[PDB]
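Undergrad:
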Ligand code: HEC
Ligand code: HEC
Ligand code: HEC
Ligand code: HEC
Ligand code: HEC
Ligand code: HEC
Ligand code: HEC
Ligand code: HEC
Ligand code: HEC
Ligand code: HEC
Ligand SMILES: [Ca+2]
Ligand SMILES: [Ca+2]
């Protein structure tokens, strides 16, 4: 066994090669401000946290700190304030399964994100994927098995080794929602938990289908919405990195090539063979071990073939979100023009469904390569749903005496956030205050109670490197 | 050499195995009436021959007879009548390169289809793909090299052996248009030819791109249109089986897997290994021969994987053509309501472009599998172009006093053909009359002049087998 299991440093003496390679994800220190790259996204997520801050993923090394640095988590004053719940910690630290094991799952999912600010202090580590006694692959978060069984699939424990080499990634790289769960503790006090739940009841990655249509069917049946759009007033569904669901629909997934085969290639230093734990941000940069063992041709040729896929996805991504953004703005105009909720009934259903399809397609960044067919198909479907809604809107507008309406420009993050009612300067000030106050208090208490050793990872908070999405001071 | 090489039966004595397997395409005797299956196609091609008769492909054995049987070729009464030109024989017979070599290319392309009715009497044969003296692969139709060179690709003769195994198919399975060409013969007479031309000036199959965008650029630049849509009055572009262009864009094409690898798989009879000349209508039905030499997988699983691709394509196909169909009808309503050509300029450009993208995606039946990515992307693009045009149309219609217009239904061949101004009962009557008179007179002369031996292929005309698209009783 390993004492202080959540502290990956502790494993280093037993497994130096895995520890050293694991820490190398520190090298993946760059992310792209997606709201600045594709401002239409701000309009799509208007009224939601994602319209504030949303960057591409970077090294696992920065997972915990980026979750803290993001405008999405806001600026809490204490453990009872802040916009987001405890569930936001779930896929960022080994301290998560620890707390679930100690205090219970429901208790872990009860309260504000700030509640565990001092408890959840170690980044995605060894304990998130391995047993401390045997080092065998292991998943300690109960949401995964719950989703697998809902999808009619085997639990992690009933799966094969190759299945697990993928499932230890799926414990986080999946689509989910927060299920409001009412419960009662030991003392008999009624509480409310927001439980990470995978909407897999209708299956995922089944015969080439990512599972999006089934998810929509499920979400509508339980009448769930992540938020109400602040422009169109549409009950919306947010998609989040459905890496596993899409991977399962793609050819590699259908052929049994695990995430680990491409992202954690086997390697050999001297006479010792081991798995490279620097989860590769871009396997195309390590083609020799990530691909060429199964593919026989030039690396430049294969990298070129993959780039064509990125171009195709980008082409449909732009079309879909431009249509979706206009659909929201035009719905806002219709409301202003006097259109009733009943009149907007069908329009809203199509915007909800369409954006979810399009969002799911782009929410897992590797989708364009892992699952090009479902990705292109869903961007096509989401775009069409939006266009279908826009055709109804032109008629509704005309009926209300509005002709030739043209939605405003949302071609820059600034213009879009203005339309979304987001004051980034204010949020940045409030967020910077938090980081200089409460956050440092968290790291102070954590070090004092031996919960973490932040001195070993000082280069983790890069908020001031001049590459921040919101801290442009 | 081989005298009367246009008569494939003359090659039997030298290459019996290739001849007997070539004849077995006779077994692929079924086609699907695509206008009955997807009546939206009738609206799409309204004002053009394809709105009358369009079936899926069937055995090479039936190519010439199906060309003669189609309502598209009409009912000529003599050598100077009939709706179509000589170019329609071009990819149906070995007598084609014979006529080009004897009479010259421009002369072969000058005149009505009926002009060569008693000369083009042998179906796709050995001579279409082989030199009669050496049996080496050979292409004798100049349009291919002309297209290849236009696309910056090597000529057939300069291509590799593996390239040639694809090019002997590309001589016919490609997109083309008729180029009105003014010329003067040896005796000083001025003539006009309609030359088969591949619109490849902007390249085809380049880095994952089928080449549709470049073709639109080309066609627009030369102000060419295949026909003026009779409902929307849009100058339209018709796509025709761009098998090679799409194949080149897919993974198999990019990896050098030729059409012949899957469609003319090697076979072993006793100690003789040769190419199976029964060009496989559905290679999935001969997986062991057509795929397992490169893939190690269960037949049901591989077939299931490919079927997924068909479902994805069918999903986007229906969406694109329903939007395109409604766009044409709504444009027709706009014309009736009083919209000018100036008011409809952008609407028509979008319809022309959108339909061409969608049509190219579905025009080569195997595209869904050969090139799933470009197929899905182009159907998405085509559908979007149609939706953009429809958004403009609601506004145009409203400005002309038309509110909430609902296009008529086109869910059955009968309904759509009526909207298309196609009197199939009448067309069928005159076609049958042509078949019973002139066609038979063509057959008589052919046998008498020793140009063909029709008795050897008595089962080729299946117009009365009960599965004709138009000959219904
Ligand atoms: C509560 C609603 C959450 C907040 C706030 C954040 N997450 Fe996550 N998260 C997960 C993965 C697999 C990734 C990487 C893949 C990807 O980003 O597409 C992320 C990444 C982040 C990031 C960095 C990127 C960004 O700027 O958006 C932030 C700031 C972040 N997450 C905040 C996985 C999970 C997960 C597992 C099931 C859950 C429940 C959440 N994340 C919840 C939140
Ligand atoms: C989950 C996302 C992981 C994290 C974080 C870490 N490891 Fe890991 N490890 C993971 C996989 C998918 C694999 C391959 C399993 C296989 O046998 O194919 C590994 C493997 C190991 C092993 C076994 C030997 C080897 O292949 O290298 C060890 C000793 C091991 N991992 C240790 C280890 C340590 C110490 C970590 C923290 C620094 C760590 N792993 C994180 C998945 C994941
Ligand atoms: C090889 C066949 C792979 C398999 C199996 C999986 N991934 Fe992958 N992944 C691969 C590539 C070539 C790429 C594209 C890289 C690029 O920069 O273009 C990806 C990308 C990702 C990403 C996005 C990383 C980022 O944007 O920073 C993630 C999050 C990712 N992959 C996750 C992942 C998971 C969880 C997998 C199994 C379910 C998986 N990948 C499989 C190649 C391969
Ligand atoms: C939850 C605890 C996770 C597990 C287990 C795995 N990933 Fe992950 N991943 C997660 C987050 C929160 C992030 C973003 C971190 C940030 O600061 O932005 C990521 C990121 C990636 C990336 C890109 C960066 C990198 O380290 O290469 C990839 C390619 C990726 N994740 C792949 C991946 C695979 C293949 C996994 C299993 C072996 C895996 N991740 C597990 C959260 C979690
Ligand atoms: C073996 C374990 C593999 C590894 C690692 C990678 N790929 Fe792969 N790939 C594999 C299979 C079995 C297949 C299916 C075809 C078959 O032989 O049955 C594929 C297919 C591809 C494709 C074609 C599909 C497409 O989207 O166009 C591509 C372009 C491809 N693979 C790329 C690729 C890359 C870039 C990899 C490394 C990051 C990679 N593969 C790894 C098996 C394996
Ligand atoms: C080669 C460059 C061609 C020219 C010129 C024309 N056709 Fe063709 N035709 C060609 C192929 C490769 C195929 C099979 C693939 C497919 O998608 O159909 C065909 C098929 C036909 C058919 C049968 C199917 C059908 O449409 O009902 C007919 C009746 C046919 N072709 C007629 C036809 C006419 C009338 C032509 C002049 C406009 C013509 N073809 C030209 C290849 C080529
Ligand atoms: C083009 C559409 C073809 C038609 C019509 C016929 N043949 Fe063919 N043949 C074709 C290809 C692509 C190949 C393979 C060439 C290679 O080298 O890989 C062949 C091959 C032959 C051969 C060589 C031996 C063999 O591989 O079987 C012979 C002797 C041959 N073909 C004869 C032949 C005859 C007699 C045909 C008419 C009945 C005939 N072929 C038609 C392409 C085409
Ligand atoms: C294997 C990798 C193939 C290659 C290379 C090419 N084709 Fe193909 N083709 C293949 C399959 C599996 C299918 C689908 C069959 C089905 O019934 O779904 C096809 C289909 C065609 C078709 C359509 C046939 C019909 O509908 O009757 C045609 C006309 C066709 N293929 C032509 C063709 C050409 C000319 C190719 C090279 C340019 C080519 N195929 C390559 C598998 C393979
Ligand atoms: C023109 C002279 C052609 C050449 C050379 C090749 N094909 Fe063809 N193909 C052509 C026609 C006009 C038709 C339709 C015939 C009808 O009566 O409907 C076809 C059809 C096919 C099919 C389906 C039927 C079959 O025999 O399998 C396929 C799969 C197909 N063609 C593939 C193909 C390949 C791979 C070729 C090169 C070896 C090839 N065709 C050459 C016209 C012509
Ligand atoms: C060897 C000459 C091949 C033949 C015959 C067929 N396939 Fe193939 N296939 C081959 C390669 C080189 C690749 C690309 C991946 C790589 O190893 O580099 C592929 C890829 C596929 C795929 C994946 C792409 C996709 O659309 O999902 C599938 C599903 C596939 N091949 C199917 C397939 C079938 C059904 C075949 C016979 C009709 C077939 N291939 C023949 C090489 C070869
Ligand atoms: Ca979600
Ligand atoms: Ca054409």
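Chains as they are written, first to last, in UniProt numbering: chain S, 42 to 514; chain B, 42 to 514.
All C-beta atoms in this analysis are idealised placements derived from N, C-alpha and C, irrespective of residue type, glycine included.
#1: Beta carbon of residue 321 of chain B: closer than 7 Å to some heavy atom of ligand 9?
#2: Closer than 8 Å, CB to CB, is residue 449 of chain S near chain A or not?
#3: Quick one: give me the first and last residue of the alpha helix (DSSP H) that residue 254 of chain S is part of.
#4: Any heavy atom of ligand 9 closer than 7 Å to the beta-carbon of residue 69 of chain B?
#5: Would you say residue 248 of chain B faces chain S, with C-beta separation under 8 Å as the test?
#6: With a Cβ-Cβ cutoff of 8 Å, do residue 393 of chain S and residue 277 of chain S count as a contact?
#7: Where do the ends of the alpha helix (DSSP H) carrying residue 372 of chain S lie?
#8: Do residue 436 of chain S and residue 435 of chain B have their CB atoms nearer than 8 Å?
#9: 8 Å is my cut-off, CB to CB: does residue 436 of chain B come that close to chain S?
#10: Under the three-state reduction of DSSP, which class applies to residue 154 of chain B: helix, strand or coil?
#11: Is it right to say residue 598 of chain B is buried, meaning 16 or more other beta carbons lie within 10 angstroms of its own, or is it exposed?
#12: Kindly identify the DSSP beta-bridge partner or partners of residue 63 of chain S.
#13: If you draw a straight line from the alpha carbon of residue 200 of chain S to that of residue 187 of chain B, how long is it in whole angstroms?
#14: Could you pull the start and end residues of the beta strand (DSSP E) that residue 273 of chain B belongs to?
#15: Am I right that residue 504 of chain B and residue 110 of chain B are in contact with their C-beta atoms under 8 Å? What's the rounded C-beta distance?
#16: So is residue 294 of chain B in contact with chain S if we call contact Cβ pairs under 8 Å?
#17: Collect the residues with a C-beta less than 5 Å away from any heavy atom of ligand 11 and give them in sequence order along the chain.
#18: For ligand 2, is there a heavy atom less than 7 Å away from the beta-carbon of residue 91 of chain B?
#19: Strictly under 8 Å for the Cβ-Cβ distance: is residue 387 of chain S near chain B by that measure?
#20: My output table needs one value for residue 451 of chain B: the three-state DSSP class, helix, strand or coil.
#21: Compute every distance between the C-beta of residue 95 of chain S and the non-hydrogen atoms of ligand 1, then say whether any falls below 7 Å.
#22: For a test of the three-state rule: what should DSSP assign to residue 235 of chain S, helix, strand or coil?
#23: Helix, strand or coil for residue 47 of chain S? Go by DSSP, reduced to three states.
#24: Check the Cβ-Cβ distances between residue 84 of chain S and every residue of chain B, and say whether any is below 8 Å.
#25: Taking 8 Å as the CB-CB limit, is residue 356 of chain S close to chain B?
#26: Quickly, what does DSSP pair residue 219 of chain S with across the bridge? List them, please.
#27: Since residue 244 of chain B meets chain S, which of its residues come closer than 8 Å, beta carbon to beta carbon?
#28: Do residue 347 of chain S and residue 58 of chain S have their CB atoms nearer than 8 Å?
#29: By how many angstroms is the C-alpha of residue 482 of chain B removed from the C-alpha of residue 476 of chain B?
#30: Just the chain S side, please: which residues come within less than 7 Å of residue 360 of chain B by C-beta, in chain order?
#31: Who are the near neighbours of residue 207 of chain B in its chain, counting only those whose CB is closer than 6 Å to its CB and skipping five residues on each side?
#32: Measuring only from the beta carbon, is residue 418 of chain B closer than 7 Å to any heavy atom that is part of ligand 9?
#33: Can you name the start and end residues of the alpha helix (DSSP H) that residue 331 of chain S belongs to?
#34: List the DSSP bridge partners of residue 41 of chain S.
#35: Report the three-state DSSP secondary structure of residue 174 of chain S (helix, strand or coil).
#36: Go through its chain and collect everything with a Cβ distance to residue 554 of chain B's Cβ below 6 Å, but skip five positions before and after it.
TA: Inspection of the coordinates gives the following:
#1: One-based indexing of the second chain puts residue 321 of chain B at position 280. Yes.
#2: In the displayed structure, chain A is absent; the protein chains listed are S and B.
#3: Indexing the first chain from 1 puts residue 254 of chain S at position 213. Taken as a continuous stretch (DSSP letters only), the alpha helix (DSSP H) holding residue 254 of chain S covers 253-262.
#4: Walking along the second chain from the start, residue 69 of chain B turns up at place 28. Residue 69 of chain B: yes, Cβ under 7 Å from ligand 9.
#5: Sequence index remark: in the second chain, residue 248 of chain B carries index 207 (1-based). Yes - at least one Cβ of chain S is within 8 Å of the one on residue 248 of chain B.
#6: Position 352 of the first chain, counting from 1, holds the residue named residue 393 of chain S. Position 236 of the first chain, counting from 1, holds the residue named residue 277 of chain S. Cβ atoms of residue 393 of chain S and residue 277 of chain S: closer than 8 Å.
#7: Reading the first chain from its first residue, position 331 is the one you call residue 372 of chain S. 340-377 is the span of the alpha helix (DSSP H), which, as asked, contains residue 372 of chain S.
#8: Residue mapping note: residue 436 of chain S aligns to position 395 of the first chain, counting from 1. Residue mapping note: residue 435 of chain B aligns to position 394 of the second chain, counting from 1. A contact, by the Cβ cut-off of 8 Å.
#9: Residue 436 of chain B sits at position 395 when you count from the first residue of the second chain. Closer than 8 Å: yes.
#10: Translated into the one-based positions of the second chain, residue 154 of chain B becomes position 113. Residue 154 of chain B falls in the helix class under three-state DSSP.
#11: Given that chain B is displayed from residue 42 to residue 514, the structure contains no residue 598 of chain B and the question cannot be resolved.
#12: Taking the first residue of the first chain as 1, we reach residue 63 of chain S at position 22. DSSP, once it has assigned bridges, lists no residue as partnering residue 63 of chain S.
#13: As a first step, residue 200 of chain S is located in the first chain; it is residue number 159 there, counting from the start. As a first step, residue 187 of chain B is located in the second chain; it is residue number 146 there, counting from the start. Going by the C-alpha atoms only, they are around 57 Å apart.
#14: Start at 1 with the first residue of the second chain, and residue 273 of chain B comes out as number 232. First-last for residue 273 of chain B: undefined, no H or E at that position.
#15: What you label residue 504 of chain B is simply residue 463 of the second chain in a count that begins at 1. What you label residue 110 of chain B is simply residue 69 of the second chain in a count that begins at 1. That belief holds up - the Cβ atoms of residue 504 of chain B and residue 110 of chain B are roughly 6 Å apart, short of 8 Å.
#16: By 1-based counting over the second chain, the position of residue 294 of chain B is 253. It does not; no Cβ of chain S falls within 8 Å.
#17: S:218, S:279, S:281
#18: Here residue 91 of chain B refers to the residue found at position 50 of the second chain. The answer is no for residue 91 of chain B.
#19: As a working note, residue 387 of chain S is residue 346 in the first chain. So no, residue 387 of chain S is outside the interface.
#20: What you label residue 451 of chain B is simply residue 410 of the second chain in a count that begins at 1. If DSSP states are grouped into helix, strand and coil, residue 451 of chain B belongs with coil.
#21: Residue numbering aside, residue 95 of chain S sits at position 54 when the first chain is read from its first letter. Yes, Cβ of residue 95 of chain S sits closer than 7 Å to a heavy atom of ligand 1.
#22: Along the first chain, one-based indexing puts residue 235 of chain S at 194. Correct three-state label for residue 235 of chain S: strand.
#23: In the first chain, residue 47 of chain S corresponds to position 6, counting from 1. It is coil, neither helix nor strand.
#24: Here residue 84 of chain S corresponds to residue number 43 of the first chain, with the count starting at 1. It does not; no Cβ of chain B falls within 8 Å.
#25: Walking along the first chain from the start, residue 356 of chain S turns up at place 315. Answer yes: the Cβ-Cβ gap between residue 356 of chain S and chain B drops below 8 Å somewhere.
#26: The residue labelled residue 219 of chain S in the question sits at position 178 within the first chain. Its beta-bridge partners are S:237.
#27: Here residue 244 of chain B corresponds to residue number 203 of the second chain, with the count starting at 1. None at all; the shortest Cβ gap to chain S is about 14 Å.
#28: Locating residue 347 of chain S in the first chain gives position 306, counting from the first residue. Locating residue 58 of chain S in the first chain gives position 17, counting from the first residue. Result no, Cβ atoms of residue 347 of chain S and residue 58 of chain S do not sit closer than 8 Å.
#29: Numbered from its first residue, the second chain carries residue 476 of chain B at position 435. Numbered from its first residue, the second chain carries residue 482 of chain B at position 441. The straight-line gap from Cα to Cα measures roughly 9 Å.
#30: As a position in the second chain, residue 360 of chain B is number 319, starting the count at 1. Result: 425.
#31: Along the second chain, one-based indexing puts residue 207 of chain B at 166. Around residue 207 of chain B: 299, 300.
#32: Reading the second chain from its first residue, position 377 is the one you call residue 418 of chain B. Answer for residue 418 of chain B: no, Cβ out of range of ligand 9.
#33: On the first chain, residue 331 of chain S is found 290 positions in, with the first residue counted as 1. Note, residue 331 of chain S: alpha helix (DSSP H), 328-331.
#34: Residue 41 of chain S lies beyond the residue range present for chain S, which begins at 42 and ends at 514; the question has no answer from this structure.
#35: As a position in the first chain, residue 174 of chain S is number 133, starting the count at 1. Coil, per DSSP.
#36: Summary: the structure shown does not reach residue 554 of chain B, with chain B confined to residues 42 through 514, and so no result is reported for it.
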